[PDB]
Amino acid sequence: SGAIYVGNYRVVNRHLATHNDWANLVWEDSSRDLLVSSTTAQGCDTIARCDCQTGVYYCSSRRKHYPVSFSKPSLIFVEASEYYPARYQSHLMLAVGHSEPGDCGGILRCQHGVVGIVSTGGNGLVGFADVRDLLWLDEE
Ligand SMILES: NC(=O)[C@H]1CCCN(C(=O)CC2CSC2)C1
Ligand SMILES: [Zn+2]
């Protein structure tokens with residue numbers, strides 16, 4: 001579990017969104033595994049607006065932050081889950097990290113701010129939903 005709190009937005013994995021998220025919906029995209037809902041209180045996270053391919057992510061199944069190298073956002077095949085059917089998830093970045101279920105949500109960050117949020121993983125893979133192109137998170 002985990003979310004990004006920027007401005008009056010809460011960014012979560014779409015497959016972990018609550019009823020309150022759906023009832024206060026701003027934007028959702030199943031192909032990216034992302035959902036954004038509105039918040040009453042202002043958040044403290046800042047979104048990175050950069051081209052970093054190195055950063056650090058939080059792994060809840062280890063209680064640890066790990067440094068990682070990650071690929072550029074791309075269309076990657078995601079096998080069948082209890083969450084989605086075989087498809088291609090877009091705007092996904094992969095790294096060698098550990099992951100296990102209970103993982104989605106953890107933040108990936110660089111020196112500029114938040115880059116994205118664990119979304120994929122396994123056999124040593126940990127893939128993350130990029131948010132750096134969502135410029136509207138910084139306003140309104
Ligand atoms: N984004 C997806 O399609 C996910 C949905 C949940 C399951 N999934 C995973 O890769 C689970 C790993 C271990 S924590 C992430 C595919
Ligand atoms: Zn950066």
Side-chain angles (χ1 to χ4, degrees):
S1 66
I4 307 165
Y5 291 97
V6 51
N8 287 269
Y9 298 122
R10 165 174 143 95
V11 187
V12 287
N13 293 93
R14 186 185 187 272
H15 75 271
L16 301 179
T18 68
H19 167 74
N20 186 70
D21 289 323
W22 280 106
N24 291 281
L25 182 65
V26 173
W27 170 83
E28 54 84 27
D29 182 324
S30 169
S31 75
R32 292 180 69 154
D33 185 43
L34 286 180
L35 181 148
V36 178
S37 57
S38 60
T39 64
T40 59
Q42 287 180 289
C44 297
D45 292 320
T46 289
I47 310 300
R49 303 293 182 200
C50 67
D51 62 359
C52 291
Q53 282 187 250
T54 66
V56 173
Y57 82 103
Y58 185 63
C59 176
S60 69
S61 67
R62 298 282 181 270
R63 285 198 191 100
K64 275 196 187 60
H65 293 260
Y66 291 104
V68 285
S69 297
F70 53 95
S71 66
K72 290 192 172 194
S74 323
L75 189 67
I76 300 288
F77 164 94
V78 196
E79 267 267 65
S81 86
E82 279 133 43
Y83 291 112
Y84 323 77
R87 82 257 189 260
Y88 284 100
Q89 169 174 313
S90 63
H91 299 265
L92 186 67
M93 299 175 296
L94 295 187
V96 173
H98 166 66
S99 72
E100 76 173 65
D103 273 14
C104 312
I107 281 171
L108 171 69
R109 67 178 73 233
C110 67
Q111 63 190 94
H112 305 109
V114 175
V115 171
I117 67 171
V118 168
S119 164
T120 74
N123 302 297
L125 310 145
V126 49
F128 0 86
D130 183 50
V131 298
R132 293 179 290 187
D133 66 313
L134 303 177
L135 311 187
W136 56 261
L137 289 170
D138 297 347
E139 64 209 12
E140 149 86 337

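The chain is numbered in sequence order, starting from 1. As a basis for the values below, the full set of heavy atoms in this structure was taken, side chains included, without hydrogen atoms, waters or symmetry mates.
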Measure the [atom1]-[atom2] distance between [X] and [Y] for me, rounded to the nearest 0.5 Å.
| X | Y | atom1 | atom2 | value |
| --- | --- | --- | --- | --- |
| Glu28 | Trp22 | CD | CH2 | 4.5 Å |
| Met93 | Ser69 | CE | OG | 12.5 Å |
| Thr46 | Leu137 | OG1 | CG | 11.5 Å |
| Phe128 | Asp103 | CZ | CG | 11.0 Å |
| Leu25 | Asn20 | CG | CG | 11.0 Å |
| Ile107 | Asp45 | CD1 | CG | 4.5 Å |

Exam field: side chain [X] to backbone [Y], donor-acceptor pair closer than 3.5 Å:
| X | Y | result |
| --- | --- | --- |
| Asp29 | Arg32 | yes |
| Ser37 | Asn24 | no |
| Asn13 | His15 | no |

Quick one about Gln89 and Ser119 (side-chain donor to acceptor, distance below 3.5 Å, no hydrogens or angles considered), yes or no? yes

Could you list the donor-acceptor pairs under 3.5 angstrom formed between side-chain atoms of residues 75-83 and any protein atom two or more places apart in sequence or on another chain?
unit_1	atom_1	unit_2	atom_2	d
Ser81	OG	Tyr83	N	2.9
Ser81	OG	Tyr84	N	2.6
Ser81	OG	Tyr84	O	3.3

Got [X] and [Y] here, is their nearest side-chain heavy-atom distance under 4.5 Å?
| X | Y | value |
| --- | --- | --- |
| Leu108 | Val68 | yes |
| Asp33 | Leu92 | no |
| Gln53 | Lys72 | yes |

Of all the heavy-atom pairs spanning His91 and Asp133, show the shortest one and how long it is.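 Heavy-atom minimum between the residues: CE1-OD2, 3.7 Å.
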
Going through the checks in order, is the side chain to side chain contact (heavy atoms under 4.5 Å, CB included) test met by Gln42 and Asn8? CA-CA 5 Å; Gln42 287 180 289; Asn8 287 269; 3.6 Å; yes

